[PDB]
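Protein chains in written order, with UniProt numbering: chain A, 2 to 57; chain B, 1 to 209; chain C, 1 to 127; chain D, 2 to 115; chain E, 72 to 142; chain F, 1 to 123.
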Amino acid sequence: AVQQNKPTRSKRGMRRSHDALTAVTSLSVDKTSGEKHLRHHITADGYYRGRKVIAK
Amino acid sequence: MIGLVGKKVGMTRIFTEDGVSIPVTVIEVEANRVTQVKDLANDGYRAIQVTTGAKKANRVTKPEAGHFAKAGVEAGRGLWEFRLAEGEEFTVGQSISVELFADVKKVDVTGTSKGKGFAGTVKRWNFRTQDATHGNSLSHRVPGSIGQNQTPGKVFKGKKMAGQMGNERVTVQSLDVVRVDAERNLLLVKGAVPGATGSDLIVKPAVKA
Amino acid sequence: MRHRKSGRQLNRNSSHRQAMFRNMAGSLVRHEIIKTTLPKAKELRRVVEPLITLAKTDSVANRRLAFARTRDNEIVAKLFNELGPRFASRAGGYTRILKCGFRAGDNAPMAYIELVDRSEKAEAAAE
Amino acid sequence: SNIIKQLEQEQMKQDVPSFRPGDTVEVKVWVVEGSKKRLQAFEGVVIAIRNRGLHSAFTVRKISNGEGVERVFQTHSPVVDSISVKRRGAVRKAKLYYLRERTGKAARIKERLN
Amino acid sequence: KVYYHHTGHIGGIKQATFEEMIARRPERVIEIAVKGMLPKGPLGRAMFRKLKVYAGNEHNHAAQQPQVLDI
Amino acid sequence: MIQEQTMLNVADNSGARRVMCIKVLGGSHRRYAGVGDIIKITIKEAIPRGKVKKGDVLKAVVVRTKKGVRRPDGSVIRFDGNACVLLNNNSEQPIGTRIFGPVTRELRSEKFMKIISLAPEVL
RNA sequence: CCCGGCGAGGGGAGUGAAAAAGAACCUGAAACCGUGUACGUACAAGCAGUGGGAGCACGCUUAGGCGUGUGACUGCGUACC
RNA sequence: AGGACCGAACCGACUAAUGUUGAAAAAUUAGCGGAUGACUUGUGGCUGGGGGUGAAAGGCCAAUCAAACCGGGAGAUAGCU
RNA sequence: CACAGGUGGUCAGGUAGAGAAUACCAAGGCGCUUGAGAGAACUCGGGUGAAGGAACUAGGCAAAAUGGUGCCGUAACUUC
RNA sequence: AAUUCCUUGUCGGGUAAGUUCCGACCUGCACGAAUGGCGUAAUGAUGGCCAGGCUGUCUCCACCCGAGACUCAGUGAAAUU
RNA sequence: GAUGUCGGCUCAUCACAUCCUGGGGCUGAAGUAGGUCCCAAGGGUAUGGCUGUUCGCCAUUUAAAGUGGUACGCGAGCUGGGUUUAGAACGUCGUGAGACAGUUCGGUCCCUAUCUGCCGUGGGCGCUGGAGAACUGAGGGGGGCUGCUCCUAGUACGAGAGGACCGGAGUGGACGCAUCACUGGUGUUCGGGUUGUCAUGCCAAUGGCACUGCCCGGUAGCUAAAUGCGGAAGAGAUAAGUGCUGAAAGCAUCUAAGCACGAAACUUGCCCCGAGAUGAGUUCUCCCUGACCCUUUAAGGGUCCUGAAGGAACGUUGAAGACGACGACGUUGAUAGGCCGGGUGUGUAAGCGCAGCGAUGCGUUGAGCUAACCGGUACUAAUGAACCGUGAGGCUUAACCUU
C-alpha cells in the first residue's frame, strides 16, 4: 500500500528479532578423530563412521 | 454409554444377495484395555481412560508408559478418555468390542479431524474463481470483498477467510451401521470417516435424541 | 496435503529430470563416488539400483532388455561386465547415501553417493 | 493394520478366465427390478482389461444395434448366472474406439490364428 | 431486562432474559450489575479482580475466617 | 441439464433431432441435474405429424446420459450421447408411442408406463 | 612483528609536544545504526505529556527526611503551523 | 502483367493474452494484414516554432507535440496563494 | 545496462516435406549468470479434462477450433 | 435509421428469448435529393444479427508441472514520511 | 493540497415494516379455503434472453418469487459498453467556429499492506516443586430452511360434493460437513500406441529431442460432476391468545393480588473452539530427598559436588503441514531407498522357432516391465555425546500431624 508516518525504531527491532539466527545447542567433536565435527553429518575428511565424503 | 476407538483401515463397495452394492467404510474394532477408572472418590471428577491399541514405542515418555503399566500393559499408541454414567467401571480386562454395535442402528462417528494441509482461500468454502477471461487485472481467481464501508468501519466476526484446518473434531452424525462382524472384528458403516487412512477415529453409539 | 506418497520432483520439467539424471547416472558408473544435493542423491540411488538388479547374473536377453530401458552404451557396459559379478553377492543396497553436510558456495544441504562395496579410499584431502 | 492391499487379493475371484482385449464373451444376468425376477443376456466385445479386486467386472461394449453403449456387469454379483469366454482376438490396446458406431459385423470378431 | 450484546454474528440483537441468567449460571445478573459501576479501562479491571461470587451457595471460604457484613 | 439451456437428443416420434432443457424440476436454486432427474424441455425442432410443434414447452425424463446412469451396484450403462423422452406438459406419461435404440434396466418405474408396456422385451 | 583472498583492515614495536595530530590525518554537534550499563516491561489499553508514587542502583544521604537517574501502579488529559 | 490473392524472410500492429514500482520510450508471445507495391529502403541532401512539413489526426518536428530548445526583456504582471 | 527494443548489404549445407513453411540438423553460434529445496494461498507461464458447448460478459477472450497435397463435387448474386 | 420526444415505433417471424436482427406499414422526432439521395458486384484486421462446429470463459471446478511467493545463503530498492 | 460514476459479476453485512413455514384472535367464516389478523430476525430465499439499463418485456422454476440501508456497499477486487470525455460521424441548430445529460464505432482503471480489523498460526511467561498424559466448562460460534405423499383423517362439520393440525415415516431440493471405495477427473516419480530426423560402425532391435513432441490407457493420493448425511424428541422462559378465580361495577372481566395452558424466535437440548477463568484449573501418570560462605532477604549473590523424570537442537523422515507447531524415530532402530512376498496398471519385451516377398502375426511365454500402497528383510544410512532441566519446593487463617 503506502504508510501514514515514519515509524519508531523499537518497531524495526521487534520485526526482525524473532527472525534472528537461532542456537546450535552447543557443538560436537569426534569420537574417532583429532578432527572437529559437524553434528549428525560427516566431516570433509569423512570421519563419522568412516568411509569418505567430499573428495574435493 | 461410552465410545469405541477404531482404526480407518478398509473401504469396500460390498454386495448383497439381490444384486445391490453398498459403499461402506470398514473400521477394525479393537478391544478396550481400561487404565484405572478415575472416579469421584477424588474431587467431583468422573471419567474412564482406555487404550484400544499398541505401538513399537521405543521413545515414549515415562508419564505415558505408567498409564499403560497400570493398564493392559501393551506399550500403547495413546490415551483416550470418555465420561461415564450409571456407576464406576471394572478396571481390568473389560474388553468392550463388537458386542456394543449389535443393537446400535445408527452411530455418530467423532473423528480426529481431517488433515487436508492448507485448505484456505476459495477451496475450503467452495466459492467461485473470478472469470479467467476478459483480461482482468492480476485476477484469474479472487474471493470477493469481505466487508462494506466506513458506516460500520469493521469486519464482522465468523466470516469465511483463508487459514488452515487446524485438526479439530468433525462429527459426520447419524450414519447407519450396515453390519457388525465378529471374529474378523470389522464394523461396516454406510457413511465416511474423517481423515486419511491409517488415522485413528472414535466410532461411538449416536449422541442425539 | 500430499498424504500417502513418496519421492521427489526437484527443480524442473520431466525432459530436464531425464537429461540431468542421464548426466549423473553416467558419472556414477565411471567414478564410483559422487557428491550432490540431498533430495537429488536419493533420486539418483533410486534410478541406478534396479538396473543393477537386472544385471546381477550375466545374461544376453537381460542385456538386450537393459539396452531398451536405458539405451546408453556406458551404462550397459558397466553393468554385466564389470558390475554384474561385483554385485552378484548382494540382494539390494547396492549403493548408499551419506548425509555429507552443508554446501560452501551457498549453504545447500548435500548427500554423497558411494557404491556398497567401495572400500579402499584415501583420507587425506586434494586441491 | 496389515489387511490393506491384501483385501483386493482376498475378495478377488479365482475362476476368472485369462484374457486379452478384443475377446468377445457373453454375460447372462438378471434384470434385478423392484420385486420381480426376469432374465436377459448381453453380447458384444470386451474393450478393456478388468481385474479390479471386489468391484471387478466384465466391461462389454454391445454394438449390436442402434447407437453405441458400454455395459459394466459385476463379476462378484450374486445374480450373475453364467460367463462364457468364446472368441479370442488381438487388439494390443486398452481402447477400441473406431468400432463404437459400426454395429454391422461388429459382435462376431474373429479368432486370431497363425 | 434482556442484557443487550452484539459479539459479532447474525442479523439482529441477541439476548437473554434476567430469568434464564439467574436460574442457570446465576453469577452473571449481579456480575454485569456491578460491572458498569467501575471506571473505564485500567482502574476498572483493577477494582473488579478482588470479587468472587461463584455459582451460588457453594463457597469454599471456611478457613480464612470471613468477617460477616450486612447490607 | 448440467448448464442452463443444453440441447440433448429426441428419442421418440414427438419431435426431430434435438430438444432443449430450459430448467430442472424437483427443486430450485439448482444449476446441474442428477441421474434420476425430471427436466423441463422446449421443443427446438418438431416434426409435422409428431405429437408437438416448434416453441412448445413440456416436461421430460432422461433415457440416456452420455456420462452414464446408475443405481443398483453404482455401475453405469454408459451411452454415446445424451437423450430425453418427452412427457405431457402437466399430466405425465410419454406422448410418443415408441422408444428408439437401447434402454437401461433402471427404467422399471411408474413414470415410463407408455414405452416399457410394449411387448418386445422388458415389461 | 601477527591474521590474509598475491587483498582489505586493525593491533603489536618504534616516531612526535601531540597520532585521544597515522596519512579520507585540523577541534567537533545533530540525524543515523550499533556497543556498554542501571532501572522498568506477562490485571496487559488512545498526542505518549502532566499530577501522585512503591521500588532499585549509584552519591559515605554531611543518616538528619536529601541528590541523581529510572519507575510497577494510578487521578487528569484531543499535536504544532 | 497486375495499386489481385495464401504466405514465410522483410515491414507494420486491427484484436486477444501478458507487461501495468516493464526485458521494451507498447515491447513481447499468439490470432492478423501488406510482402512485384500508392511497397521495402541504405547512402548523400533540404525547410526552423503559431515556422515549417501533413493522401487530414488541429498529425509530426532529437525518446515527446492543440505550440520544440536556449540566451535577453524579467524580480513580466497576479484586484492572488 | 553484457537492456528480449530498433537497424541496411552479401554468401547460401543436410533428411523427411510442397519451398528460404515446418520437426530435427552439418559447420558455427551459444546457455540472455542468482542458485539449490518445498510444491501454501496467489501471481505469471505450460499440461489435461466428465457431461454440456459461451449457457461467462456490455463483447467468443488468443487459450480451442479451421488449415496441408491429391481427387470427387459445387449456390444466390455478379460488372460472368 | 449511425437519425425517432414517446417507444424498447407498430405488426409479422426465428425464440426460454427478441430494446438488438430481418420483411412490410406510418399513428412520419427534427429524414429528404452533391455536409447529396436510391441500388450493387468485388473489397475491410470495419459494425450489428442468424444456425451448426469447437473449445475450462462459464455451469462447477479437480489434479499435475515451473519461475516468484514460501525455505536457506547473497545483495537490497519504492510509493511514502 | 478531492469520498472516483452507472448496469453486471464476485464476496457479503446489518433494520423488520417477514417472501415463507410455524403458534393464534375476528369473520356478513358451517367445514375446507380465502378475507381480516397479531407474534417473530432464527433459516432457506431460483435461472436464460434481448438493452450500456436502473426501470421493461417474455420463456421457465420454486410452497414462495420480499421490503430497506451500506462514498447510488464493495476498481489500495473485477469491466471500458454508456455520457460529458478529447477522434469519426448521424440527427439538430447556427454566416461560422462549435454544442447537445439524443446518438452509434473501439479506445490507457494505478499502489510489493506501516498501523487497524478478520481468520489461521508460532514464540515467551503466571499455572505455585517440576515434567508429561488425559481433561472439566467461565466464555463465544455452527445448525435452525423446505416440497412430496403415506399415516394422522373422508372425521367433527355440511343439504351434498368436499373436509384440518401436531407426531411418525419413507423420499426430493437447497445449505453445511466429512470421504475416495463406487463413478467420472487428474496423476511431469508406470505401461502401450505413433510422426519425424538425429544416434548406437551397419541390419533386426531401441532410444535422445520436438508443449510431459502427440495420443490412449494408469497405481496410491487428492477431488465433485460422485459419496454418506445433520437439519432432533424433549425441557425451560414466554409472546400473541383462550382462560379460570377476582376488584373498579355484590357479578362479569388475560390483572390488580392468585394460578392451568400457550411458536421454529429467545434460554437450550444436537454439533464445534475453550483455564489469560490472574477467580490463575482440576484429575491422572512419573520423577528429583549432597554441601559451605554472606547480604540486599516469602529473596538474591558466590562456590564446590552435581542435575532425575522431561526438553530441544540435531538426523533420517511422516498416514502432520506456508513457516512452524504436530508426528514415527536414530542400531534400544521397519524412519526411508533398495530388495523379497503381494496388491492394483498394462497387454504378452527383445532374442529364438514358424508362415509370408514383406509390413506383420503366431508358439517359445500368458511374456516383460511397474510409482507413491501392505507386510518382511539391518542389505543400507541415521558416530556417539554435549547441552537446558538439579538435590523435595511461599506467606497468613482454619483442619490434621506427639500440635
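Backbone N, C-alpha and C define an ideal beta-carbon position, used for all residues, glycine too.
- For the stretch 64-77 of chain F, the set of residues with a beta-carbon nearer than 8 Å to any beta-carbon of chain B comprises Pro72, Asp73 and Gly74, in chain order.
- If you compare the alpha carbons of D:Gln10, D:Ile64, D:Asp16 and D:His77 with that of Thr104 (chain D), the shortest gap goes to D:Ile64.
- Among the residues facing chain C, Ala209 (chain B) is not included, as its CB has no counterpart in that chain under 8 Å away.
- Under the three-state reduction of DSSP, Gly51 (chain A) is assigned to coil, being neither helix nor strand.
- In the assembly as shown, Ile103 (chain E) is an exposed residue. Its beta-carbon has fewer than 16 other beta-carbons within 10 Å.
- Apart from sequence neighbours up to five positions away, the residues of its chain that approach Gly101 (chain C) with a beta-carbon distance below 7 Å are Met110, ordered along the chain.
- Among the CB atoms of chain D, one or more fall inside 8 Å of the CB of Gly81 (chain F).
- Rounded to the nearest whole angstrom, the CA to CA distance from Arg103 (chain C) to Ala196 (chain B) is 37 Å.
- Between the alpha carbons of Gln136 (chain E) and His130 (chain E) lies a distance of about 13 Å.
- Rounded to whole angstroms, the Cβ separation of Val47 (chain D) and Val61 (chain D) is 6 Å, and the two are in contact under 8 Å.
- Under the three-state reduction of DSSP output, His76 (chain E) falls in the strand class.
- Annotation for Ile47 (chain F): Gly15 and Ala16 place their beta carbon closer than 7 Å to its own, counting only its chain and skipping 5 residues before and after.
- Looking at B:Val107, B:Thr61, B:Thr110 and B:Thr52, the one whose alpha-carbon comes closest to that of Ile96 (chain B) is B:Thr52.
- Minimum Cα-Cα distance from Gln86 (chain E) among the listed residues E:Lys72, E:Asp141 and E:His132 corresponds to E:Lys72.
- Between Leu138 (chain B) and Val24 (chain B), the gap from beta carbon to beta carbon reaches 8 Å or more.
- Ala83 (chain F) and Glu49 (chain C) have their alpha carbons spaced roughly 55 Å apart.
- For the stretch 78-109 of chain C, the set of residues with a beta-carbon nearer than 7 Å to any beta-carbon of chain A comprises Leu98, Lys99, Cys100 and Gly101, in chain order.
- Restricting attention to D:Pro18, D:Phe20 and D:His56, the CA atom closest to the CA of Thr16 (chain B) is found in D:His56.
- Counting the other CB atoms within 10 Å of its CB gives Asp20 (chain A) a total below 16, which places it among the exposed residues.
- For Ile146 (chain B) and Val155 (chain B), the gap between their C-alpha atoms comes out near 7 Å.
- Our two residues, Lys5 (chain C) and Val193 (chain B), have alpha carbons roughly 21 Å apart in a direct line.
- In this structure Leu79 (chain B) is exposed. Its beta-carbon is surrounded by fewer than 16 other beta-carbon atoms within 10 angstroms.
- Leaving aside the five residues that flank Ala75 (chain B) on each side, the residues in its chain whose CB is nearer than 8 Å to its CB run, in chain order, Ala54, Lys55, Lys56, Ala57, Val60, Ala65 and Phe68.
- Counting C-beta atoms within 10 angstroms of its own C-beta, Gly7 (chain C) has fewer than 16 neighbours from the protein chains shown and is therefore classed as exposed.
- Under the three-state reduction of DSSP, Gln41 (chain D) is assigned to strand.
- Counted as a single uninterrupted DSSP element, the alpha helix (DSSP H) harbouring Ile93 (chain E) occupies residues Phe89 to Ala94.
- Here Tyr99 (chain D) is exposed: its Cβ has fewer than 16 other Cβ atoms, across all protein chains shown, within 10 Å.
- Listed along the chain, the chain B residues whose CB falls inside 7 Å of the CB of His31 (chain C) amount to none; the nearest CB is some 39 Å away.
- Nearest to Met118 (chain E) by alpha-carbon distance, out of E:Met108, E:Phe89, E:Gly79 and E:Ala126, is E:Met108.
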